[PDB]
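**Student:** before I ask anything, here's the sequence and the deposited coordinates:
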Amino acid sequence: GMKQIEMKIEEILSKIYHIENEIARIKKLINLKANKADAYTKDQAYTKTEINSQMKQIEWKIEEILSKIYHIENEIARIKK
Amino acid sequence: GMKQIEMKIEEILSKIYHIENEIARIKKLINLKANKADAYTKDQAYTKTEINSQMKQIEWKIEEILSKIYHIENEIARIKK
Amino acid sequence: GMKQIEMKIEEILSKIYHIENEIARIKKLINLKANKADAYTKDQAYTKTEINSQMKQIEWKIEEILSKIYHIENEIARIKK
């Protein structure tokens, strides 16, 4: 009767010890996660793809400008002769 | 006396099982967090706003260049004529 | 015999209450970590250094364009008189 209670107490202690270990483990796993305060969210940042597309847009305008410059240099050389 | 111990044992078993469930749940919530090792910190990356401001600066120079080009094309058409 | 069981019961109650508190704490610490769903990984985004290098490349083409534009403006002024 009393020994049956002792066996159940031992059982409980074991389950508690397991729980304490799961908690110690969880605390360490938490330490490996990035804090909201030190990381930008998706709404605050562009992806590589998005940046790539914006850079192409600029490169295009620059190509347009260079081709206009080259055409103007040719016109000037014709006027000169 | 012994029944009072049994009641308390039942109470403890219930709590333990609730605790175990809270822990299983916590483990799942941890798995949805990003690791420090796989995410850039705020000092490593620019925000959308910062990129937008850098792109604007460039777009504004490009506009200035295009307006100079349009002016030059006009001068050249006058010289020719 | 019965008092030895009571002592062990007291010990278990104490630990459980501590555990419940550690869990409440842990839940709050978890809320401060960034979710995988709201953060980009390192391979999805460019760093400041990488963006800086792409912006330099563009600035160099712009410098080249400006000097050509300045030279062309001078030629045009000479042709005019």
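**Tutor:** Structure's in. What do you need? Residues are numbered from 1 along each chain as shown, chains lettered A, B, ... in the order given.

**Student:** neighbours of residue A:16, just the number please.
**Tutor:** A count of nearby residues for residue A:16, using other C-beta atoms under 10 Å in any protein chain shown, gives 18. From N, CA and C alone the C-beta is placed, and that goes for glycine too.

**Student:** equivalent analysis for residue A:79, please.
**Tutor:** Residue A:79 is flanked by 13 other residues according to other C-beta under 10 Å.

**Student:** same question, residue A:41
**Tutor:** Neighbour tally, residue A:41, other C-beta under 10 Å: 14.

**Student:** isn't it right up against residue C:39?
**Tutor:** Yes: here residue A:41 reaches residue C:39: they are 6.5 Å apart, a contact under C-beta atoms under 8 Å.

**Student:** how is chain A divided into domains?
**Tutor:** A:1-35, A:46-81 (automatic domain parsing).

**Student:** can you say which of those domains is nearest to chain C?
**Tutor:** domain A:1-35 (4.0 Å; C-beta to the nearest C-beta).

**Student:** wait, does the closest one contact chain C?
**Tutor:** Yes: using C-beta under 8 Å from any C-beta of the partner chain, domain A:1-35 reaches chain C at A:2, A:5-6, A:9, A:12-13, A:16, A:19-20, A:23, A:26-27, A:30, A:33-35.

**Student:** residue A:5 and chain B, how far apart?
**Tutor:** Applying C-beta to the nearest C-beta, to the nearest Å, the value for residue A:5 to chain B is 6 Å.

**Student:** swap in residue A:20?
**Tutor:** Using C-beta to the nearest C-beta, which is the criterion applied here, residue A:20 is 11 Å from chain B.

**Student:** report the contact partners of that residue.
**Tutor:** Neighbouring residues of residue A:20 by C-beta atoms under 8 Å, 6 or more residues apart in numbering or on different chains: C:15, C:19.

**Student:** any idea of the angle the longest helix that chain A contains forms with helix C:48-79?
**Tutor:** Using DSSP state H, we find that the single longest helix of chain A is helix A:48-79. Helix A:48-79 and helix C:48-79 are oriented at 10 degrees to each other (axes from the mean of the first three to the mean of the last three C-alpha atoms, to 10 degrees).

**Student:** what packs against helix A:48-79?
**Tutor:** helix B:48-79, helix C:48-79 (3 or more C-beta pairs under 8 Å, 6 or more residues apart in numbering or on different chains; DSSP states H and E).

**Student:** what's the burial count for whichever residue of chain A sits closest to chain B?
**Tutor:** Using C-beta to the nearest C-beta, the single residue of chain A nearest to chain B is residue A:33, 4.1 Å away. Residue A:33 has 24 neighbours, counted by other C-beta under 10 Å.
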